[PDB]
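Peer 1: To kick things off, part of the complex as it is:
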Amino acid sequence: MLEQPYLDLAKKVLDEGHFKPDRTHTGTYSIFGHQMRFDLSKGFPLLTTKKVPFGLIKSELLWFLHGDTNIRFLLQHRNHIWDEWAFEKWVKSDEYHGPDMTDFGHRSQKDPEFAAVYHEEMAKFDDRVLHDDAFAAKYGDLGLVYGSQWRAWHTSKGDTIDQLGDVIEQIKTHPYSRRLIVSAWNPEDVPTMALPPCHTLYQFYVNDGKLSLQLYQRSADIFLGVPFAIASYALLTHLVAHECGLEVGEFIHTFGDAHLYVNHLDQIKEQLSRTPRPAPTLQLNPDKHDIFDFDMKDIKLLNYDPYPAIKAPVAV
């Protein structure tokens, strides 16, 4: 079955995994260096052993593809995956005249009442981002995020490079190119970034009329993070190809620090007790050809039968 690599990945970390503390003071079992292979021509690799919100992946990907960096887009799509990053900025700023919110995300876990207040403030913040246009341009723009790194890389001359754009055009004009690379890592920016990109860089490739992509992930939360990444990128490879009049090849995921947080250990064996069922089929609108124009409705996922969703705590 397609998704097997992920199960084999988890199962392996449990075994060869060596304990190793991390930033968020939770414990984690690690394996450095691992690469897995998914043949995107046998089915979409959206896990069936545990319900994963494809709707989220979808909207988040488009966001990036528009070179967009403001929250508003995701909010106008029910996506809150990036709230904390914007909300945090909002709390450490002059205007935030509310209750205590320092370390909100971590305190929420052992809330004195904090949960209800944080969850409510978030509504207040989100809403105004959504409505107060000036407020949005002030606290909804995260600034440096995958979209602006892929589509608006700021040069040393005050200009912007549309990496992804060109990579696409290049693929069309020189498909056998060895330098079809989009880079999310900027030596100057990470030194002061909240969360330096995890999906560090990816490389395109063509051969026998098929397109392939290799993502280099420096750090991954096997249980929580890794499933989303697979879908996110596996999709990109589908979209890009359609736009190139190319067949679909393989999604290759290379890892730096693949890890499994201790608090996750019980939920993961749980997943390993499940037997994966046939993998869903992705369907892309055949009329629209410029991916940058694809809208939420232009991507369909046929036959996604999955096991109930397994919950687990997030460690910041």
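Peer 2: Ah, there it is. Numbers count the residues shown, from 1 in each chain, chains lettered A, B, ... in the order given.

Peer 1: Could you find the closest non-adjacent residue to residue A:182?
Peer 2: residue A:163 (4.7 Å; CB to CB, 6 or more residues apart in numbering). Placement of C-beta: from N, CA and C, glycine included.

Peer 1: Report how many residues lie close to that neighbour.
Peer 2: By the criterion of other CB atoms under 10 Å, residue A:163 has 18 neighbours.

Peer 1: So it versus residue A:27, what's the distance?
Peer 2: 37 Å (CB to CB, to the nearest Å).

Peer 1: Could you do residue A:193 as well?
Peer 2: Taking CB to CB, one finds residue A:193 at 25 Å from residue A:27.

Peer 1: do residue A:202 as well
Peer 2: 30 Å.

Peer 1: neighbour count winner among these two?
Peer 2: Using other CB under 10 Å as the criterion, residue A:202 and residue A:27 rank with residue A:202 on top: 25 against 15.

Peer 1: Can you tell me the closest non-neighbouring residue to the more buried one?
Peer 2: Counting by CB to CB, 6+ apart, the residue nearest residue A:202 is residue A:215, at 4.6 Å.

Peer 1: Would you enumerate the residues in contact with the one you found?
Peer 2: A:199, A:201, A:202, A:229, A:233, A:251, A:252, A:253, A:254 (CB atoms under 8 Å, 6 or more residues apart in numbering).

Peer 1: Check for me that it belongs to a strand.
Peer 2: Yes. Residue assignment for residue A:215, taken from DSSP: H, G, I helix; E, B strand; the rest coil, places it within a strand.

Peer 1: So what pairs up with it in the strands?
Peer 2: As for beta bridges, residue A:215 partners with residue A:202, residue A:253 under DSSP bridges.

Peer 1: And for residue A:161?
Peer 2: Here residue A:161, judged by DSSP bridges, has bridge partners residue A:153.

Peer 1: That one is in contact with residue A:155, isn't it?
Peer 2: Yes. Contact between residue A:161 and residue A:155 holds when scored by CB atoms under 8 Å: they sit 6.1 Å apart.

Peer 1: which one of the two has more residues nearby?
Peer 2: Remark: of residue A:161 and residue A:155, residue A:161 carries more neighbours, 14 against 8, as counted by other CB under 10 Å.

Peer 1: Give me the most central residue, chain A.
Peer 2: residue A:229 (4.8 Å; CA atoms, centre = their mean).

Peer 1: packing partners for the helix or strand hosting it?
Peer 2: Element membership of residue A:229 [criterion: DSSP states H and E] is helix A:225-244. Counting contacts by 3 or more CB pairs under 8 Å, 6 or more residues apart in numbering; DSSP states H and E, helix A:225-244 packs against helix A:4-16, helix A:54-65, helix A:163-173, strand A:199-207, strand A:210-221, strand A:247-261, strand A:281-284.

Peer 1: put chain B on too:
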Amino acid sequence: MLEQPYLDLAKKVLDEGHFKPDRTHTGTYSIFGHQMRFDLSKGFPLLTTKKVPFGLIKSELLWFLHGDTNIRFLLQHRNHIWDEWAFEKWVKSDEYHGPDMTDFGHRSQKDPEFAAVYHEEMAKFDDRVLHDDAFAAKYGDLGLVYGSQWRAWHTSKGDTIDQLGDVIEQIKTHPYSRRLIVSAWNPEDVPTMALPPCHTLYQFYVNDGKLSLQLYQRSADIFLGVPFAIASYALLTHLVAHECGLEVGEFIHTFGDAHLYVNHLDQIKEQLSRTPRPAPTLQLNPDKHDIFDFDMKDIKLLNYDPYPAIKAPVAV
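Peer 2: Chain B goes in next, on the same frame as the chains above:
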């Protein structure tokens, strides 16, 4: 035996390898996505089935480690690995008042007499770089090369970042860090680079008191290029550790386009007929502790018994 991965790598490309043309119009057999593992604690991975010039690796690595970008250093070390890049610049410039040199590197293969003239001009150029100090600052500086990317990344504010330096310091102060990354890929520079870096990025890692490095190579010449890279980086991992008071872990090589040029096919089966013998031991001077100060004599390779060197044509 240690070096086995490389043999297994070659053997594999020969098998699963799909024909694919490239820039230099030579044919090549490819495999996209491959990762190999070398446990740097069992021996130095300097191939024994074919004589590889460690002396060259050594000097070339130091060069980089000094954040140096001029040829002079390598010349003052018998290294000519980067001559063509500087020589080319010299030929397309106003001062080069000599014979025909356009496409020199490719014409050399089927020389009308070209070989002797090119080889002699190179002496003239090299010599003056070596001596005429002004000439050196003009044609010996390649400018953007691994050293200036590792040690002098130019920011959008006219400053320079010493990526590698910091990564080292970081390793010392936060060994369990997931962002120990040095990047050779700059979105602005490659668009006009002679040869965008092949050794794109690498990541450091620490655990159980051992240091590990994963190199992400976008494109590799299995026969000619890949052997050098192994040694080059496997060394760096040794040097960095010594400087960190760390044990040596593993060298992990991840590939984008691993390839074997057609003109190489005969020489490679030849190598596969050989049985590798025990791998050499690296010995680092125990007195010197700041790698940036290591000099050619501070690195020793004990017991390097190798099979005679296999020659093969270079395709630019």
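
Peer 1: Please re-evaluate the neighbour count of residue A:163 in the presence of chain B.
Peer 2: 22 (other CB atoms under 10 Å in any protein chain shown).

Peer 1: That one contacts residue B:188, doesn't it?
Peer 2: No. Using CB under 8 Å, residue A:163 makes no contact with residue B:188, being 9.8 Å away.

Peer 1: Is stretch A:248-267 positioned near chain B?
Peer 2: Yes. Stretch A:248-267 reaches chain B (CB under 8 Å from any CB of the partner chain) through A:250, A:252, A:254, A:256, A:257.

Peer 1: who touches the second one in this structure?
Peer 2: Think residue A:252. Residues near residue A:252 by CB atoms under 8 Å, 6 or more residues apart in numbering or on different chains: A:35, A:36, A:37, A:38, A:212, A:213, A:214, A:215, B:32, B:33.

Peer 1: can you pick the most crowded of those?
Peer 2: residue A:214 (29 neighbours).

Peer 1: partners of the host helix or strand of residue A:301, with directions?
Peer 2: For residue A:301, the enclosing helix or strand under DSSP H and E is strand A:299-302. Pairing partners of strand A:299-302, with direction, according to DSSP bridges: strand A:281-284 (antiparallel).

Peer 1: thinking again about what came up before, overlap in contacts, residue A:163 and residue B:188.
Peer 2: The contact sets of residue A:163 and residue B:188 overlap at residue A:153 (CB under 8 Å, 6+ apart).

Peer 1: so how far is stretch A:96-103 from its chain's centroid?
Peer 2: 28 Å (CA atoms, centre = their mean, to the nearest Å).

Peer 1: Name the surrounding residues that touch it.
Peer 2: A:90, A:91, A:114, A:117, A:118, A:121, A:124.

Peer 1: can you tell me which two in these are farthest apart?
Peer 2: Across these, the longest distance by CB to CB is 16.8 Å; it joins A:90 and A:114.

Peer 1: out of these two, which sits in the more crowded spot?
Peer 2: The neighbour count for residue A:90 versus residue A:114, taken as other CB under 10 Å, is higher for residue A:90 (24 against 17).

Peer 1: Quick one: residues contacting that one.
Peer 2: Shown in contact with residue A:90 (CB under 8 Å, 6+ apart): A:96, A:125, A:139.

Peer 1: most surrounded residue in those residues?
Peer 2: residue A:139 (24 neighbours).

Peer 1: Could you check how far it is from residue A:64?
Peer 2: 20 Å.

Peer 1: Next, count neighbours for residue A:24.
Peer 2: 12.

Peer 1: go on, the one 5 residues further on?
Peer 2: When counting by other CB under 10 Å, one arrives at 20 neighbours for residue A:29.

Peer 1: ok, now which ones touch it?
Peer 2: Counting by CB under 8 Å, 6+ apart, the residues that residue A:29 touches are A:13, A:14, A:17, A:18, A:19, A:20, A:259, A:260, A:262, A:265.
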